[PDB]
Amino acid sequence: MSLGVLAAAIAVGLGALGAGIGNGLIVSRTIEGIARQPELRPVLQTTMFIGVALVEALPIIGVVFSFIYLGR
């Protein structure tokens, strides 16, 4: 309950924003790797959608951080 913590809420949203994309890219990396298989040929499509969905975390989280400032 202060201003300092507030900034922490922002620095957090910004951290999970850029970090999030990385967490989604990391998972997407391994996800797409499994698709590399023959029986997992269709998995590629699943990895492609999972990647984009992960990109939706950039703006999503970005909104969170912004919301924090507003005071949540």
# chains A, B, ... in the order shown; residues from 1 in each chain; ligands from 1
call {"tool": "residues_around", "arguments": {"residues": "residue 71 of chain A", "least_positions_apart": "2", "cutoff": "12 Å", "atoms": "only C-alpha atoms", "output": "number ranges by chain"}}
result
A: 1-3, 5-7, 9-10, 64-69
call {"tool": "residues_around", "arguments": {"residues": "segment 50-60 of chain A", "least_positions_apart": "4", "cutoff": "8 Å", "atoms": "only C-alpha atoms", "output": "PyMOL selection string"}}
result
chain A and resi 17-18+20-21+24-25+28+46+64
call {"tool": "write_last_selection", "arguments": {"atoms": "N, CA and C atoms", "output": "mmCIF file, in the first residue's frame"}}
result
data_model
loop_
_atom_site.group_PDB
_atom_site.id
_atom_site.type_symbol
_atom_site.label_atom_id
_atom_site.label_comp_id
_atom_site.auth_asym_id
_atom_site.auth_seq_id
_atom_site.Cartn_x
_atom_site.Cartn_y
_atom_site.Cartn_z
ATOM 1 N N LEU A 17 5.771 -9.058 -19.256
ATOM 2 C CA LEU A 17 5.391 -8.731 -20.620
ATOM 3 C C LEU A 17 6.452 -9.265 -21.582
ATOM 4 N N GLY A 18 7.672 -8.784 -21.395
ATOM 5 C CA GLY A 18 8.780 -9.202 -22.236
ATOM 6 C C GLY A 18 9.217 -10.629 -21.897
ATOM 7 N N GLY A 20 7.302 -12.860 -20.511
ATOM 8 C CA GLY A 20 6.207 -13.730 -20.905
ATOM 9 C C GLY A 20 6.389 -14.227 -22.341
ATOM 10 N N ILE A 21 6.624 -13.278 -23.235
ATOM 11 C CA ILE A 21 6.816 -13.603 -24.638
ATOM 12 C C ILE A 21 7.929 -14.647 -24.767
ATOM 13 N N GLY A 24 6.661 -18.006 -23.602
ATOM 14 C CA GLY A 24 5.791 -18.581 -24.613
ATOM 15 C C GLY A 24 6.596 -19.052 -25.826
ATOM 16 N N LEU A 25 7.697 -18.355 -26.071
ATOM 17 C CA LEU A 25 8.559 -18.691 -27.192
ATOM 18 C C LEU A 25 9.379 -19.935 -26.845
ATOM 19 N N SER A 28 6.965 -22.726 -26.975
ATOM 20 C CA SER A 28 6.614 -22.888 -28.376
ATOM 21 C C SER A 28 7.771 -23.541 -29.135
ATOM 22 N N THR A 46 -0.438 -26.805 -34.463
ATOM 23 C CA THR A 46 -0.746 -26.550 -33.067
ATOM 24 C C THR A 46 0.321 -25.648 -32.442
ATOM 25 N N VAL A 64 -2.037 -5.128 -18.554
ATOM 26 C CA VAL A 64 -2.022 -5.368 -17.121
ATOM 27 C C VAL A 64 -1.159 -4.303 -16.439
#
call {"tool": "atom_distance", "arguments": {"atom1": "atom CA of residue 49 of chain A", "atom2": "atom CA of residue 31 of chain A"}}
result
10.7 Å
call {"tool": "select_by_dssp", "arguments": {"residues": "segment 3-58 of chain A", "states": "helix (DSSP H, G or I)", "output": "JSON, numbers by chain"}}
result
{"A": [4, 5, 6, 7, 8, 9, 10, 11, 12, 13, 14, 15, 16, 17, 18, 19, 20, 21, 22, 23, 24, 25, 26, 27, 28, 29, 30, 31, 32, 33, 34, 35, 43, 44, 45, 46, 47, 48, 49, 50, 51, 52, 53, 54, 55, 57, 58]}
